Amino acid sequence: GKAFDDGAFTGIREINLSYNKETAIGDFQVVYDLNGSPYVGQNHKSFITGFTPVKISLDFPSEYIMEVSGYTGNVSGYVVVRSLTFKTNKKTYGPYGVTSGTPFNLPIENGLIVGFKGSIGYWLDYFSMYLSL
């Protein structure tokens, strides 16, 4: 798929993603905080359509992500991210997508997620997260 790298910012305000209950995660876009002001990251879209949009609006800065979890698995002969769940200090968002395959989870004891990078073809191939104090 087409790789993307938003880079690192100072926080996260909103996450916009789409999924399909029969395949995997599709689109991914983030509204970051940049030194106190919102910064709209580029919209990284799937090569196809038919996904269900989801908007995760965080109550920045009192609310922040404490754990990210999901499932990766094979879809059409490709290994992709099939589901994502975002847990904050106030609420749990998700799971979004198909909770089938190999699970993964990243609990954060101290620190913050401040950026995302990855790749998207028909679906989100893989993703990584920038962490900072």
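Don't overthink the numbering: it's just position in the shown sequence, from 1.
- Message: If you average the CA temperature factors as listed in the entry, which stretch comes out higher, 14 to 22 or 118 to 126?
- Response: Stretch with the higher mean C-alpha B-factor: 14 to 22.
- Message: I need to verify one thing: averaged over C-alpha atoms only, is the B-factor higher for 77 to 85 or for 49 to 57?
- Response: The deposited B-factors put 49 to 57 ahead on the C-alpha mean.
- Ranked against its chain, the third holding the CA B-factor of residue 105: Lowest third, going by the recorded CA B-factors of the chain.
- Task: Could you tell me which third, lowest, middle or highest, the C-alpha B-factor of residue 68 occupies within its chain?
- Result: Within its chain, residue 68 is a lowest-third residue by C-alpha B-factor, going by the deposited values.
- For residue 32, return the chain-relative third of its C-alpha B-factor as stated in the PDB record: lowest, middle or highest. For residue 32, the deposited C-alpha B-factor lands in the lowest third.
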